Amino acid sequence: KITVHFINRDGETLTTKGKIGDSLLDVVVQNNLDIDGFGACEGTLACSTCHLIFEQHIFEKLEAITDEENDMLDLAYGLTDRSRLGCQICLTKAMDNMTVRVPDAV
């Protein structure tokens, strides 16, 4: 179990624990996080509601992104250079105590 911090759109910081090997969507869903409309296609790589923004140093070590995730992510809202589809990212001991931000929205 590792700690993960989610900075919601409201500006609030949600600190939770997730099991190694789990997807960030599994963490949100299973821990019943506040984030709205997160993980709609349930990891089918059909949407981008699981869009998460990472810290440069964590972003750099993530599994190489596939064109499948990339093509969908490129059309997502509030994109950044450190953006990834949460459902495709699984927790690693290295991600312990990291902070992921949820894309902005009025």
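A residue's number is simply how far along the shown sequence it sits, counting from 1.
53 to 61 and 39 to 47 differ in mean CA B-factor, and the higher of the two is recorded for 39 to 47. Here the stretch with the larger average CA B-factor, out of 17 to 25 and 81 to 89, is 17 to 25. When all modelled residues of the chain are sorted by CA temperature factor, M72 is found within the middle third.
Among the modelled residues of its chain, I7 has a C-alpha B-factor that falls in the middle third according to the deposited record.
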